[PDB]
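Peer 1: One structure follows; several queries about it will come next.
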There are 2 protein chains.
Amino acid sequence: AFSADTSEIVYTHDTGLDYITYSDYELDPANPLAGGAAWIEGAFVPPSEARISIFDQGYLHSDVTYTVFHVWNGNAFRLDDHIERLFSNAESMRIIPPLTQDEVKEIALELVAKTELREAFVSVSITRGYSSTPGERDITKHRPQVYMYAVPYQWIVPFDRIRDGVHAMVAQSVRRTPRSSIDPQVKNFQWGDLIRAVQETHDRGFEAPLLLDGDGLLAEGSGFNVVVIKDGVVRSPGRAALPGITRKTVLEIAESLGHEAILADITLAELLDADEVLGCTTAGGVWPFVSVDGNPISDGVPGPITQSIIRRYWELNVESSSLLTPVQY
Amino acid sequence: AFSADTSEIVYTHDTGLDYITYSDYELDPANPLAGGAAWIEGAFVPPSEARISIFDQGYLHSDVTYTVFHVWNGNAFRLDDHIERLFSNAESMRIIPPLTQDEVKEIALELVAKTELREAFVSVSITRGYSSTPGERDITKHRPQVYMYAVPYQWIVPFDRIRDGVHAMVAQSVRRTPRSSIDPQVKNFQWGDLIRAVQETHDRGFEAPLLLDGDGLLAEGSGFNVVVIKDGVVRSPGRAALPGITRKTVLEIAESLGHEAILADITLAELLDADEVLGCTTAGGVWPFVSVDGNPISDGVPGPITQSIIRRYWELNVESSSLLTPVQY
Ligand SMILES: *Cc1c(COP(=O)(O)O)cnc(C)c1O
Ligand SMILES: *Cc1c(COP(=O)(O)O)cnc(C)c1O
């Protein structure tokens with residue numbers, strides 16, 4: 001698995017977008033971890049060797065939470081916010097992390113350094129773990145694990161669609177899992193609903209799904225938040241939506257540009273009548289949604305506030321004292 | 001992980017129950033797979049070496065289905081039914097298994113043979129798998145995996161509680177995940193709701209949870225089905241419940257004993273007013289529920305039909321042409 005030599009790993013792109021520029025560098029072919037690696041049970045290992053116990057409850061009962069942070073031009077973006085959220089999410093599940101927040105950040109940054117990646121996607125998961133015996137059933141006997149991997153930056157949406165916009169679909173075959181079953185404000189791997197939404201998107205010929213909650217209000221997408229703009233007011237679902245760190249940044253940007261930015265309940269009518277709609281997530285940043293169910297949003301092209309937010313997001317990735325943590329390569 | 005020598009593996013018990021008797025045998029200490037093993041990517045390996053790629057979507061997005069069958073006195077129980085259900089469940093998720101049903105059965109039975117276990121818990125999972133690169137996001141590019149493990153038979157409920165009964169609790173902090181988010185009739189590892197129910201059981205001082213569905217009707221428990229008996233009529237939830245193979249057996253037994261046995265919607269009032277209530281699952285068999293929320297069911301002791309079903313279930317584990325498949329040790 002994952003047998004590609006350092007020369008075969010794709011870690012940069014020509015984006016065609018003046019505000020997204022990768023670093024100009026070469027991976028060291030003598031470094032077996034160059035271009036991607038994992039931290040598992042104290043070892044830094046290449047992806048081909050990155051394996052977890054099949055008896056980990058993170059697999060057997062998806063008894064796990066996680067976060068993904070990214071690195072851009074050699075700086076982790078909002079790492080403190082990410083690890084704070086991860087630990088809050090662990091606490092929500094009554095998982096007691098075996099490492100402190102500072103220990104987690106230390107290891108994660110060292111992992112990225114070993115990969116040499118200047119632009120990276122970095123997953124940190126914390127599982128209920130496993131017990132002294134492989135068939136243990138008592139949930140209270142398992143000892144928790146932290147697993148990390150760092151791989152090239154991943155794009156949920158292609159560069160041309162960051163420019164031109166994405167054609168969204170309101171999923172009707174699923175609803176976002178209710179908080180009364182699985183809390184969507186705790187980041188998790190239980191994607192059964194989200195994957196059905198992606199499958200429906202394919203079935204109906206659209207590009208990305210937007211799910212609704214049990215009350216029929218706008219929720220979120222398959223690994224991303226949605227933001228709706230109307231008369232200069234920027235809103236995003238507060239209930240059935242992960243509290244995204246990209247979303248947080250987007251609303252901060254909106255306010256700095258002079259717009260009211262709030263979490264709120266958004267109806268389907270309000271989504272369709274919006275001036276602008278956008279999506280956001282760590283794995284891809286920010287992009288426009290120019291139609292919903294084949295109905296254009298406004299004039300069917302990316303709106304001015306969206307474009308300002310996208311540009312500003314990418315500016316903050318290159319120059320920001322408070323938001324950037326340098327990797328010590 | 002899982003460093004116990006063959007002599008330290010616990011693979012038999014004195015049950016104190018005349019109808020449950022383990023085999024009388026010794027594991028071969030010269031066999032590294034004796035007492036437990038896994039089949040992963042074509043290799044039979046001891047539990048200490050049983051590891052899956054961290055990039056498997058079965059972990060990263062719980063994009064996986066499974067079944068657990070058991071072996072008793074050297075015979076797999078309802079193996080054909082189990083693998084049929086597993087493959088139906090894979091199809092529901094649009095996962096195309098990389099092996100046929102016959103190939104899966106062949107490997108599973110060989111795995112059990114290598115462990116030497118005459119009484120075993122055997123998990124077979126089928127994941128969306130992983131792609132040529134570790135950070136691939138396209139769900140359609142992953143190549144699916146089959147993972148198996150065989151370990152000593154696991155008991156959800158202790159022997160004394162099979163005899164004396166279990167004290168159940170109706171969960172109110174969660175509802176079973178709705179079919180419109182995650183289908184509970186497809187066996188899955190997305191246990192967020194079920195685990196919250198177990199946590200609530202602990203919080204409120206009971207022994208096992210019974211969840212309700214979105215309509216407030218009886219659903220199922222944390223890895224087990226519930227069955228309610230009233231005036232000689234045996235009923236079990238048809239909607240928010242896995243179609244259990246133990247349940248199937250229980251209803252077959254009920255009919256052979258002359259009782260009407262059906263899947264149905266069961267109200268909370270009907271649960272509390274039942275003559276008898278029982279639980280059932282592959283990992284433990286069948287047991288009585290003698291109270292719900294501290295209210296006795298009937299006279300608070302296991303009922304006659306329940307006891308007849310438990311005894312008959314365990315009889316069918318030892319003598320049954322149609323239901324038993326011998327392991328070739
Ligand atoms: C990760 C995630 C998001 C976005 O969160 P960020 O912190 O911006 O990456 C949105 N929705 C879901 C379901 C997610 O898992
Ligand atoms: C496995 C399972 C059952 C029981 O099914 P069997 O086929 O009898 O083992 C019941 N409920 C849930 C949620 C399960 O995962």
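Going through the structure tokens in order, the chains are called A, B, and so on, while each chain numbers its residues from 1 and the ligands are numbered from 1 in the order shown.
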At most 6 Å is the cut-off: for each residue in chain A with any atom that close to an atom of chain B, write down the nearest atom pair and the distance in Å rounded to one decimal, counting only C-alpha atoms, chain first then increasing number, as a Markdown table.

Peer 2:
| residue | atom | partner | partner_atom | distance |
| --- | --- | --- | --- | --- |
| A:2 | CA | B:133 | CA | 5.5 |
| A:50 | CA | B:53 | CA | 5.9 |
| A:51 | CA | B:53 | CA | 4.3 |
| A:52 | CA | B:51 | CA | 5.0 |
| A:53 | CA | B:51 | CA | 4.3 |
| A:54 | CA | B:51 | CA | 5.0 |
| A:59 | CA | B:59 | CA | 5.2 |
| A:60 | CA | B:189 | CA | 5.7 |
| A:61 | CA | B:189 | CA | 4.5 |
| A:62 | CA | B:190 | CA | 5.5 |
| A:132 | CA | B:2 | CA | 5.6 |
| A:133 | CA | B:2 | CA | 5.5 |
| A:174 | CA | B:180 | CA | 4.8 |
| A:175 | CA | B:181 | CA | 5.5 |
| A:177 | CA | B:181 | CA | 5.2 |
| A:180 | CA | B:174 | CA | 4.8 |
| A:181 | CA | B:193 | CA | 4.6 |
| A:182 | CA | B:192 | CA | 5.4 |
| A:189 | CA | B:61 | CA | 4.5 |
| A:190 | CA | B:190 | CA | 5.5 |
| A:191 | CA | B:61 | CA | 5.4 |
| A:192 | CA | B:182 | CA | 5.4 |
| A:193 | CA | B:181 | CA | 4.6 |

Peer 1: Pull N, CA and C atoms from the residues just selected and write them as a PDB file, in the first residue's frame.

Peer 2:
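Result file is result_12.pdb:
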ATOM      1  N   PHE A   2       0.474   2.248  -0.809  1.00  0.00           N
ATOM      2  CA  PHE A   2       1.146   3.558  -0.860  1.00  0.00           C
ATOM      3  C   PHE A   2       2.638   3.428  -1.178  1.00  0.00           C
ATOM      4  N   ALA A  50       1.823   2.567   8.099  1.00  0.00           N
ATOM      5  CA  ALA A  50       0.960   3.286   9.046  1.00  0.00           C
ATOM      6  C   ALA A  50      -0.310   2.494   9.319  1.00  0.00           C
ATOM      7  N   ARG A  51      -0.304   1.735  10.409  1.00  0.00           N
ATOM      8  CA  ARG A  51      -1.363   0.771  10.675  1.00  0.00           C
ATOM      9  C   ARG A  51      -1.746   0.816  12.157  1.00  0.00           C
ATOM     10  N   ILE A  52      -3.038   0.661  12.439  1.00  0.00           N
ATOM     11  CA  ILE A  52      -3.561   0.675  13.794  1.00  0.00           C
ATOM     12  C   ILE A  52      -4.149  -0.693  14.138  1.00  0.00           C
ATOM     13  N   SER A  53      -4.216  -1.034  15.422  1.00  0.00           N
ATOM     14  CA  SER A  53      -4.788  -2.319  15.827  1.00  0.00           C
ATOM     15  C   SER A  53      -6.221  -2.442  15.335  1.00  0.00           C
ATOM     16  N   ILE A  54      -6.544  -3.590  14.738  1.00  0.00           N
ATOM     17  CA  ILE A  54      -7.919  -3.867  14.336  1.00  0.00           C
ATOM     18  C   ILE A  54      -8.861  -3.901  15.547  1.00  0.00           C
ATOM     19  N   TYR A  59     -11.973   1.875  15.477  1.00  0.00           N
ATOM     20  CA  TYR A  59     -12.456   1.113  14.329  1.00  0.00           C
ATOM     21  C   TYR A  59     -13.754   0.384  14.705  1.00  0.00           C
ATOM     22  N   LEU A  60     -13.692  -0.479  15.713  1.00  0.00           N
ATOM     23  CA  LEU A  60     -14.780  -1.436  15.965  1.00  0.00           C
ATOM     24  C   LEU A  60     -16.111  -0.817  16.360  1.00  0.00           C
ATOM     25  N   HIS A  61     -16.072   0.370  16.958  1.00  0.00           N
ATOM     26  CA  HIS A  61     -17.296   1.081  17.314  1.00  0.00           C
ATOM     27  C   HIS A  61     -17.246   2.572  16.992  1.00  0.00           C
ATOM     28  N   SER A  62     -16.393   2.944  16.044  1.00  0.00           N
ATOM     29  CA  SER A  62     -16.122   4.348  15.702  1.00  0.00           C
ATOM     30  C   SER A  62     -16.102   5.242  16.950  1.00  0.00           C
ATOM     31  N   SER A 132      -6.231  -5.031  27.444  1.00  0.00           N
ATOM     32  CA  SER A 132      -5.187  -6.064  27.532  1.00  0.00           C
ATOM     33  C   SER A 132      -5.480  -7.304  26.687  1.00  0.00           C
ATOM     34  N   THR A 133      -6.762  -7.548  26.416  1.00  0.00           N
ATOM     35  CA  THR A 133      -7.183  -8.680  25.602  1.00  0.00           C
ATOM     36  C   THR A 133      -7.927  -8.176  24.381  1.00  0.00           C
ATOM     37  N   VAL A 174     -31.546  11.863   2.879  1.00  0.00           N
ATOM     38  CA  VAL A 174     -30.992  11.796   4.224  1.00  0.00           C
ATOM     39  C   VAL A 174     -31.219  13.113   4.905  1.00  0.00           C
ATOM     40  N   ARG A 175     -31.142  13.085   6.226  1.00  0.00           N
ATOM     41  CA  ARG A 175     -31.061  14.277   7.025  1.00  0.00           C
ATOM     42  C   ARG A 175     -29.804  14.146   7.859  1.00  0.00           C
ATOM     43  N   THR A 177     -27.539  13.555  10.842  1.00  0.00           N
ATOM     44  CA  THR A 177     -27.822  12.796  12.065  1.00  0.00           C
ATOM     45  C   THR A 177     -28.190  13.728  13.212  1.00  0.00           C
ATOM     46  N   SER A 180     -29.612  14.150  19.111  1.00  0.00           N
ATOM     47  CA  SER A 180     -30.154  13.137  20.021  1.00  0.00           C
ATOM     48  C   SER A 180     -29.736  11.690  19.701  1.00  0.00           C
ATOM     49  N   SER A 181     -28.932  11.497  18.648  1.00  0.00           N
ATOM     50  CA  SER A 181     -28.304  10.218  18.344  1.00  0.00           C
ATOM     51  C   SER A 181     -26.784  10.373  18.339  1.00  0.00           C
ATOM     52  N   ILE A 182     -26.286  11.257  17.476  1.00  0.00           N
ATOM     53  CA  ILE A 182     -24.851  11.544  17.373  1.00  0.00           C
ATOM     54  C   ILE A 182     -24.681  13.054  17.244  1.00  0.00           C
ATOM     55  N   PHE A 189     -16.062  10.337  12.896  1.00  0.00           N
ATOM     56  CA  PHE A 189     -15.858   9.571  11.685  1.00  0.00           C
ATOM     57  C   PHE A 189     -17.138   8.854  11.277  1.00  0.00           C
ATOM     58  N   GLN A 190     -18.253   9.149  11.948  1.00  0.00           N
ATOM     59  CA  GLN A 190     -19.493   8.415  11.680  1.00  0.00           C
ATOM     60  C   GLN A 190     -20.251   9.106  10.555  1.00  0.00           C
ATOM     61  N   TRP A 191     -19.765   8.859   9.340  1.00  0.00           N
ATOM     62  CA  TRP A 191     -20.207   9.588   8.142  1.00  0.00           C
ATOM     63  C   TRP A 191     -21.338   8.928   7.340  1.00  0.00           C
ATOM     64  N   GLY A 192     -22.114   8.053   7.970  1.00  0.00           N
ATOM     65  CA  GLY A 192     -23.107   7.284   7.232  1.00  0.00           C
ATOM     66  C   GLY A 192     -24.073   8.184   6.499  1.00  0.00           C
ATOM     67  N   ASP A 193     -24.539   9.213   7.192  1.00  0.00           N
ATOM     68  CA  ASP A 193     -25.432  10.192   6.567  1.00  0.00           C
ATOM     69  C   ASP A 193     -24.759  11.016   5.460  1.00  0.00           C
TER      70      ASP A 193
END

Peer 1: Can I get the residues close to ligand 1 as number ranges by chain, where close means within 9 Å and we count only C-alpha atoms and all ligand atoms?

Peer 2: A: 66-70, 81-82, 85, 184-189, 191, 194, 220-226, 241-249, 280-285

Peer 1: Residues of the last selection are to be written out with N, CA and C atoms, as an mmCIF file, in the first residue's frame.

Peer 2:
data_model
loop_
_atom_site.group_PDB
_atom_site.id
_atom_site.type_symbol
_atom_site.label_atom_id
_atom_site.label_comp_id
_atom_site.auth_asym_id
_atom_site.auth_seq_id
_atom_site.Cartn_x
_atom_site.Cartn_y
_atom_site.Cartn_z
ATOM 1 N N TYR A 66 -11.701 13.522 16.331
ATOM 2 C CA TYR A 66 -10.506 13.960 15.611
ATOM 3 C C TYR A 66 -10.584 15.416 15.240
ATOM 4 N N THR A 67 -9.471 15.938 14.756
ATOM 5 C CA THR A 67 -9.478 17.146 13.993
ATOM 6 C C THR A 67 -8.487 17.053 12.866
ATOM 7 N N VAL A 68 -8.666 17.894 11.861
ATOM 8 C CA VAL A 68 -7.680 18.061 10.810
ATOM 9 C C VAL A 68 -7.260 19.530 10.795
ATOM 10 N N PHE A 69 -5.961 19.787 10.946
ATOM 11 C CA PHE A 69 -5.431 21.115 10.705
ATOM 12 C C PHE A 69 -4.575 21.046 9.452
ATOM 13 N N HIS A 70 -4.276 22.205 8.884
ATOM 14 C CA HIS A 70 -3.438 22.249 7.710
ATOM 15 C C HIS A 70 -2.233 23.125 7.968
ATOM 16 N N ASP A 81 -6.512 26.511 18.232
ATOM 17 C CA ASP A 81 -7.968 26.343 18.128
ATOM 18 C C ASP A 81 -8.319 24.880 17.833
ATOM 19 N N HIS A 82 -7.568 24.267 16.922
ATOM 20 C CA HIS A 82 -7.822 22.890 16.540
ATOM 21 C C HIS A 82 -7.656 21.902 17.682
ATOM 22 N N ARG A 85 -10.339 22.314 20.274
ATOM 23 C CA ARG A 85 -11.590 21.667 19.861
ATOM 24 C C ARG A 85 -11.515 20.156 19.978
ATOM 25 N N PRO A 184 -23.554 16.427 16.085
ATOM 26 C CA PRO A 184 -22.760 16.916 14.951
ATOM 27 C C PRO A 184 -21.774 18.018 15.322
ATOM 28 N N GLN A 185 -21.821 18.521 16.562
ATOM 29 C CA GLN A 185 -20.861 19.514 17.003
ATOM 30 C C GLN A 185 -19.647 18.858 17.645
ATOM 31 N N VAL A 186 -19.581 17.531 17.598
ATOM 32 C CA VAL A 186 -18.384 16.794 17.994
ATOM 33 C C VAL A 186 -17.855 16.127 16.732
ATOM 34 N N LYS A 187 -16.652 16.492 16.303
ATOM 35 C CA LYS A 187 -16.128 16.001 15.037
ATOM 36 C C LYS A 187 -15.911 14.495 15.131
ATOM 37 N N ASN A 188 -16.412 13.753 14.158
ATOM 38 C CA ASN A 188 -16.445 12.303 14.251
ATOM 39 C C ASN A 188 -16.334 11.643 12.890
ATOM 40 N N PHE A 189 -16.062 10.337 12.896
ATOM 41 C CA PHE A 189 -15.858 9.571 11.685
ATOM 42 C C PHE A 189 -17.138 8.854 11.277
ATOM 43 N N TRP A 191 -19.765 8.859 9.340
ATOM 44 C CA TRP A 191 -20.207 9.588 8.142
ATOM 45 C C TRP A 191 -21.338 8.928 7.340
ATOM 46 N N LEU A 194 -23.581 11.547 5.761
ATOM 47 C CA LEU A 194 -22.818 12.378 4.830
ATOM 48 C C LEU A 194 -22.461 11.617 3.557
ATOM 49 N N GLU A 220 -25.303 21.301 7.187
ATOM 50 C CA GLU A 220 -23.953 21.455 6.678
ATOM 51 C C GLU A 220 -23.771 20.473 5.512
ATOM 52 N N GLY A 221 -22.576 20.466 4.941
ATOM 53 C CA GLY A 221 -22.233 19.523 3.869
ATOM 54 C C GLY A 221 -21.376 18.353 4.319
ATOM 55 N N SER A 222 -20.932 17.570 3.339
ATOM 56 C CA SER A 222 -20.105 16.393 3.579
ATOM 57 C C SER A 222 -18.669 16.819 3.900
ATOM 58 N N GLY A 223 -18.459 17.220 5.142
ATOM 59 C CA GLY A 223 -17.163 17.654 5.615
ATOM 60 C C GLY A 223 -16.899 19.136 5.432
ATOM 61 N N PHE A 224 -17.941 19.954 5.330
ATOM 62 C CA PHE A 224 -17.762 21.387 5.173
ATOM 63 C C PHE A 224 -18.975 22.117 5.719
ATOM 64 N N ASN A 225 -18.782 23.371 6.104
ATOM 65 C CA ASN A 225 -19.889 24.238 6.525
ATOM 66 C C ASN A 225 -20.396 25.064 5.350
ATOM 67 N N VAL A 226 -21.625 25.550 5.443
ATOM 68 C CA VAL A 226 -22.206 26.390 4.404
ATOM 69 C C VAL A 226 -22.499 27.755 5.028
ATOM 70 N N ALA A 241 -24.340 21.475 12.645
ATOM 71 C CA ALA A 241 -23.147 21.868 11.900
ATOM 72 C C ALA A 241 -21.955 21.802 12.846
ATOM 73 N N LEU A 242 -20.847 21.228 12.406
ATOM 74 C CA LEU A 242 -19.635 21.312 13.193
ATOM 75 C C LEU A 242 -19.240 22.770 13.339
ATOM 76 N N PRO A 243 -18.788 23.176 14.543
ATOM 77 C CA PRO A 243 -18.193 24.508 14.691
ATOM 78 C C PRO A 243 -16.810 24.536 14.028
ATOM 79 N N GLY A 244 -16.848 24.763 12.721
ATOM 80 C CA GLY A 244 -15.683 24.760 11.872
ATOM 81 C C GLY A 244 -14.738 25.881 12.216
ATOM 82 N N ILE A 245 -13.443 25.594 12.142
ATOM 83 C CA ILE A 245 -12.426 26.619 12.347
ATOM 84 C C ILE A 245 -12.292 27.480 11.089
ATOM 85 N N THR A 246 -12.621 26.922 9.923
ATOM 86 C CA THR A 246 -12.683 27.733 8.709
ATOM 87 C C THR A 246 -13.885 28.668 8.809
ATOM 88 N N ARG A 247 -15.018 28.119 9.219
ATOM 89 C CA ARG A 247 -16.205 28.928 9.444
ATOM 90 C C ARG A 247 -15.905 30.087 10.385
ATOM 91 N N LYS A 248 -15.227 29.793 11.486
ATOM 92 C CA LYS A 248 -14.846 30.808 12.466
ATOM 93 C C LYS A 248 -14.059 31.921 11.802
ATOM 94 N N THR A 249 -13.096 31.523 10.983
ATOM 95 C CA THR A 249 -12.273 32.474 10.243
ATOM 96 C C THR A 249 -13.128 33.284 9.267
ATOM 97 N N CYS A 280 -17.057 26.117 3.239
ATOM 98 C CA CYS A 280 -15.744 26.237 3.832
ATOM 99 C C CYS A 280 -15.336 25.024 4.666
ATOM 100 N N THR A 281 -14.041 24.717 4.636
ATOM 101 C CA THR A 281 -13.513 23.594 5.386
ATOM 102 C C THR A 281 -11.980 23.664 5.368
ATOM 103 N N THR A 282 -11.329 23.022 6.334
ATOM 104 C CA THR A 282 -9.866 22.997 6.358
ATOM 105 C C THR A 282 -9.284 22.405 5.075
ATOM 106 N N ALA A 283 -9.894 21.327 4.566
ATOM 107 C CA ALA A 283 -9.371 20.646 3.379
ATOM 108 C C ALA A 283 -9.829 21.265 2.068
ATOM 109 N N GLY A 284 -9.364 22.475 1.798
ATOM 110 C CA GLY A 284 -9.777 23.193 0.586
ATOM 111 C C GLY A 284 -10.051 24.672 0.752
ATOM 112 N N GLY A 285 -10.281 25.112 1.990
ATOM 113 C CA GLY A 285 -10.463 26.530 2.267
ATOM 114 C C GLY A 285 -11.893 26.997 2.073
#

Peer 1: Could you state the separation of atom CA of residue B:76 and atom CA of residue A:129 in Å, given to one decimal place?

Peer 2: 28.8 Å

Peer 1: Counting only C-alpha atoms, what is within 7 Å of residue A:264, bar same-chain residues fewer than 5 positions away, as an NGL selection string?

Peer 2: :A and (235-238)

Peer 1: So, with only C-alpha atoms and all ligand atoms as the atoms that count, which of B:86, B:109, B:33, B:301 lies closest to ligand 2?

Peer 2: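 For ligand 2, the nearest of the candidates is B:86.
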
Peer 1: Could you work out how far atom CA of residue B:6 lies from atom CA of residue B:34, giving the answer in Å with one decimal?

Peer 2: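 Going from atom CA of residue B:34 over to atom CA of residue B:6 covers 6.6 Å.
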
Peer 1: Taking only C-alpha atoms and all ligand atoms into account, which of B:314, B:159, B:289, B:77 comes nearest ligand 2?

Peer 2: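 Counting only C-alpha atoms and all ligand atoms, the residue closest to ligand 2 is B:77.
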
Peer 1: Taking only C-alpha atoms and all ligand atoms into account, name the residue in B:311, B:204, B:128, B:239 that is nearest to ligand 2.

Peer 2: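 Closest to ligand 2 of all the choices is B:239.
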
Peer 1: Would you mind writing down, as an MDAnalysis selection string, each residue of stretch 171-326 of chain A that DSSP on the backbone assigns to alpha helix (DSSP H)?

Peer 2: chainID A and resid 192:204 245:256 268:272 304:316

Peer 1: Which is closest to residue B:7 among B:23, B:303, B:32, B:255, if we use only C-alpha atoms?

Peer 2: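 Smallest distance to residue B:7 is found for B:32.
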
Peer 1: For ligand 2, which residue among B:30, B:117, B:227, B:262 is the nearest when counting only C-alpha atoms and all ligand atoms?

Peer 2: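 Distance minimum relative to ligand 2 lands on B:227.
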
Peer 1: Please identify the strand (DSSP E) residues within stretch 33-119 of chain B (assignment by DSSP from backbone atoms) and present them as a list in words.

Peer 2: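 Taking stretch 33-119 of chain B and keeping strand (DSSP E) only, one gets residues 37, 38, 39, 40, 43, 44, 45, 51, 52, 53, 64, 65, 66, 67, 68, 69, 70, 71, 72, 75, 76 and 77 of chain B.
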
Peer 1: Determine the nearest neighbour of residue B:316 from the options B:273, B:252, B:41, B:265, counting only C-alpha atoms.

Peer 2: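 Looking at the shortest contact to residue B:316, the residue is B:252.
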
Peer 1: Could you tell me how far atom CA of residue A:228 sits from atom CA of residue A:270, in Å to one decimal place?

Peer 2: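 Atom CA of residue A:228 lies 8.2 Å from atom CA of residue A:270.
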
Peer 1: Please identify all polymer residues within 8 Å of residue B:216, counting only C-alpha atoms, omitting same-chain residues fewer than 3 positions from it, and present them as a PyMOL selection string.

Peer 2: chain B and resi 212-213+267-268
